[PDB]
2 protein chains.
Amino acid sequence: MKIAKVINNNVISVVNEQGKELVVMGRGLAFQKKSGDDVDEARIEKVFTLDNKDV
Amino acid sequence: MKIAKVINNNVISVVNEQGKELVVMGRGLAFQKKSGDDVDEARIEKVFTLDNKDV
RNA sequence: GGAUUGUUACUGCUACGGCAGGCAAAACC
């Protein structure tokens with residue numbers, strides 16, 4: 001995977017291999033980071049998955 | 001609904017009746033906003049849901 | 001950038017309670 005958009009120093013977005021938008025929050029797993037690098041799985045505390053807002 | 005947390009003016013976290021954490025992405029929906037208030041459903045562009053980083 | 005919000009790195013400070021810097025963001029200027 002890869003960072004799609006850094007939301008904060010402990011939260012970043014990332015497109016899954018399938019093509020879904022996912023968010024990865026963790027202890028400083030997004031500090032001074034950028035898009036294109038793989039999300040550090042060792043610092044992943046919570047992963048969110050894009051859902052349908054219609055529901 | 002309610003704003004549990006905020007990462008940036010466009011994305012924020014929120015807890016539903018299931019007791020799970022969900023992230024709500026939108027355009028400038030978190031600007032000048034805070035936690036505790038109901039999440040603006042009209043500003044919800046993409047919703048997210050906490051998952052297990054183990055998978 | 002400016003500003004406005006967010007924050008858990010790490011840092012500087014201390015009253016050593018935390019607090020601010022930094023860092024980030026798709027408002028707006």
# chains A, B, ... in the order shown; residues from 1 in each chain; ligands from 1

call {"tool": "calpha_fit_and_write", "arguments": {"fixed": "chain A", "moving": "chain B", "output": "mmCIF file with C-alpha atoms, in the first residue's frame"}}
result
data_model
loop_
_atom_site.group_PDB
_atom_site.id
_atom_site.type_symbol
_atom_site.label_atom_id
_atom_site.label_comp_id
_atom_site.auth_asym_id
_atom_site.auth_seq_id
_atom_site.Cartn_x
_atom_site.Cartn_y
_atom_site.Cartn_z
ATOM 1 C CA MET B 1 1.148 -0.229 0.761
ATOM 2 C CA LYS B 2 1.494 3.567 0.331
ATOM 3 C CA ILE B 3 0.394 6.803 2.050
ATOM 4 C CA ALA B 4 -2.441 8.255 -0.074
ATOM 5 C CA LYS B 5 -3.083 11.198 2.295
ATOM 6 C CA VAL B 6 -2.386 12.464 5.842
ATOM 7 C CA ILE B 7 -4.778 14.221 8.253
ATOM 8 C CA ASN B 8 -2.451 14.516 11.289
ATOM 9 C CA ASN B 9 0.802 13.104 12.780
ATOM 10 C CA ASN B 10 -1.205 10.064 14.052
ATOM 11 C CA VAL B 11 -3.677 9.256 11.225
ATOM 12 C CA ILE B 12 -3.183 8.955 7.434
ATOM 13 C CA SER B 13 -5.081 7.557 4.404
ATOM 14 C CA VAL B 14 -3.928 4.655 2.163
ATOM 15 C CA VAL B 15 -5.221 2.628 -0.826
ATOM 16 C CA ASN B 16 -4.913 -1.187 -0.965
ATOM 17 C CA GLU B 17 -5.105 -3.681 -3.885
ATOM 18 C CA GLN B 18 -8.946 -3.549 -3.837
ATOM 19 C CA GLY B 19 -8.827 0.117 -4.985
ATOM 20 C CA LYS B 20 -10.584 1.363 -1.811
ATOM 21 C CA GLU B 21 -9.475 4.148 0.551
ATOM 22 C CA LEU B 22 -8.500 3.141 4.109
ATOM 23 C CA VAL B 23 -7.328 5.258 7.067
ATOM 24 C CA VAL B 24 -4.486 4.135 9.363
ATOM 25 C CA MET B 25 -4.438 5.607 12.888
ATOM 26 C CA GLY B 26 -1.280 5.363 15.013
ATOM 27 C CA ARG B 27 0.823 7.449 17.415
ATOM 28 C CA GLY B 28 3.017 10.062 15.636
ATOM 29 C CA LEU B 29 3.290 7.740 12.585
ATOM 30 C CA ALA B 30 2.526 10.563 10.090
ATOM 31 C CA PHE B 31 4.958 13.048 11.705
ATOM 32 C CA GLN B 32 7.709 14.073 9.230
ATOM 33 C CA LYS B 33 6.109 11.634 6.720
ATOM 34 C CA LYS B 34 4.600 12.181 3.233
ATOM 35 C CA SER B 35 2.309 10.531 0.642
ATOM 36 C CA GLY B 36 3.764 7.859 -1.685
ATOM 37 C CA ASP B 37 5.921 6.069 0.931
ATOM 38 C CA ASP B 38 4.794 2.675 2.299
ATOM 39 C CA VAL B 39 2.615 2.957 5.439
ATOM 40 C CA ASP B 40 4.578 1.815 8.531
ATOM 41 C CA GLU B 41 2.750 -1.421 9.490
ATOM 42 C CA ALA B 42 4.475 -1.466 12.922
ATOM 43 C CA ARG B 43 3.013 1.992 13.711
ATOM 44 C CA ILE B 44 -0.542 0.927 12.687
ATOM 45 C CA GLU B 45 -2.667 1.042 15.866
ATOM 46 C CA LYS B 46 -6.179 1.196 14.330
ATOM 47 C CA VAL B 47 -7.129 0.758 10.643
ATOM 48 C CA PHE B 48 -10.232 2.213 8.940
ATOM 49 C CA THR B 49 -12.137 1.670 5.677
ATOM 50 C CA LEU B 50 -14.235 3.992 3.466
ATOM 51 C CA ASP B 51 -18.002 3.318 3.697
ATOM 52 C CA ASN B 52 -21.266 4.708 2.242
ATOM 53 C CA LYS B 53 -22.540 7.776 4.178
ATOM 54 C CA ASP B 54 -26.069 6.958 2.889
ATOM 55 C CA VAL B 55 -26.456 4.129 5.444
#

call {"tool": "interface_residues", "arguments": {"of": "chain C", "to": "chain B", "cutoff": "10 Å", "atoms": "only C-alpha atoms (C1' of nucleotides)", "output": "PDB file with C-alpha atoms (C1' of nucleotides), in the first residue's frame"}}
result
ATOM      1  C1'   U C   4      -8.148  28.077  11.374  1.00  0.00           C
ATOM      2  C1'   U C   5      -8.621  23.328  13.475  1.00  0.00           C
ATOM      3  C1'   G C   6      -6.271  18.824  14.964  1.00  0.00           C
ATOM      4  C1'   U C   7      -2.256  16.040  17.558  1.00  0.00           C
ATOM      5  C1'   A C  24      -0.447  18.215   9.347  1.00  0.00           C
ATOM      6  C1'   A C  25      -4.958  19.667   6.663  1.00  0.00           C
ATOM      7  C1'   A C  26      -9.672  19.559   1.224  1.00  0.00           C
ATOM      8  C1'   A C  27     -11.919  25.998   5.232  1.00  0.00           C
ATOM      9  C1'   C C  28     -11.035  30.900   4.069  1.00  0.00           C
TER      10        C C  28
END
